[PDB]
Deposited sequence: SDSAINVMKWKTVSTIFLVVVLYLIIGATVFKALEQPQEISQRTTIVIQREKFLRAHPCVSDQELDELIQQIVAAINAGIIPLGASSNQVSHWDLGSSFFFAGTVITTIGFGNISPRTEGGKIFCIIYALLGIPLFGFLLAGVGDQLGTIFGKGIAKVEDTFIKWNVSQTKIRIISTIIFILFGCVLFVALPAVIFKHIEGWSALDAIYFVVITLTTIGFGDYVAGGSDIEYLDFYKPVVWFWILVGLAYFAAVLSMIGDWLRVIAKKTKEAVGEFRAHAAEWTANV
């Protein structure tokens, strides 16, 4: 009958405000640092090359920033990657359609492929879940006849799910990404989380740089994208369940606190 939606809306607004403050705190300093150390560069390149005017260099900069949309972008490999970024809704954006017909086809392609890929991803997740059900069935039998509790064997099994999944789907792909892309470890894990959450900023792409790949590589990361999107769907849903549980525990904690203030003053 009632909402409950208003309080979670307010919680989301609060979460966004806290996040915005923290992000500003962590990111504005390096931004102003790079801004002043590039206004150093604009006039240290110009005085080191007197033949460039102060206004012809700006013609150069204007056309280079005009080249923001191009720099092939559209070999069958890169367009296959793009189609993947569309139907997965990752949408890195490093590749994007510029002609109107490309955008119209992109609209149709998204509206049809997102549900179809949803079916594929659901099936992949179900098959992984049954494989993992048998896998937990055996270690839930070795460790099961010792008196250990039953409603905590499930939390030990979630511990094992999280750990094994994050080593197979986050850890070793991250180390491979660092050894192949040249990314840092933190940058690799960042890429993993941002792509498998379907956020997909595009500041890092697993086949973007020119660095020449082993050709065994893009298909394997395709497979990793498929299986990791499923794993991360599971992880995000279980975090949601964590949230609803802690939500009711906090609801009862506020109930208890106000109930201990209630008749604590009836103590007259």
property: Missing segments of the deposited chain sequence, listed N- to C-terminal; result: 1-8, 80-90
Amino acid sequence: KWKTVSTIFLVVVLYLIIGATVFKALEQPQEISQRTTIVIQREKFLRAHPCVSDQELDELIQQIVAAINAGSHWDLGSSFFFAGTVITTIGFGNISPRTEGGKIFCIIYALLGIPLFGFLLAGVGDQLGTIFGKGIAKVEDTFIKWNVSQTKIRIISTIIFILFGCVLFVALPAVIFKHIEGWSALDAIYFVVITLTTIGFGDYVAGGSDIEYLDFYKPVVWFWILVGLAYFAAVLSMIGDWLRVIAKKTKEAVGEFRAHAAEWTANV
From here on, numbers count along this sequence of modelled residues.
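Take the two forms, superpose them, and find the largest set of C-alpha atoms that agree within 1.5 Å; that set is the rigid core.
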| property | result |
| --- | --- |
| Stretch with larger C-alpha RMS deviation in 5 other deposited structures of this protein, core superposed, 254-262 versus 19-27 | 254-262 |
| Positional deviation of Cα atoms in 5 other deposited structures of this protein after core superposition, greater for 163-171 or 149-157 | 149-157 |
| Mean C-alpha B-factor comparison - 190-198 and 129-137, higher one | 129-137 |
| 256-264 set against 7-15, stretch whose average Cα temperature factor tops the other in the entry | 256-264 |
| Residue selected from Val65, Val205, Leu26, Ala234 by maximal Cα B factor | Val65 |
| Residue, from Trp242, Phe216, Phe223, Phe45, that the PDB entry assigns the highest Cα B-factor | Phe45 |
| Chain third (lowest, middle, highest) by recorded CA B-factor, residue given as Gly71 | highest |
| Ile61 CA temperature factor, ranked by third within the chain | highest |
| Chain-wide C-alpha B factor ranking for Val148, given as lowest, middle or highest third | highest |
| Chain-relative CA temperature factor third for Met238 | middle |
| B-factor third for the C-alpha atom of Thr88 within its chain | lowest |
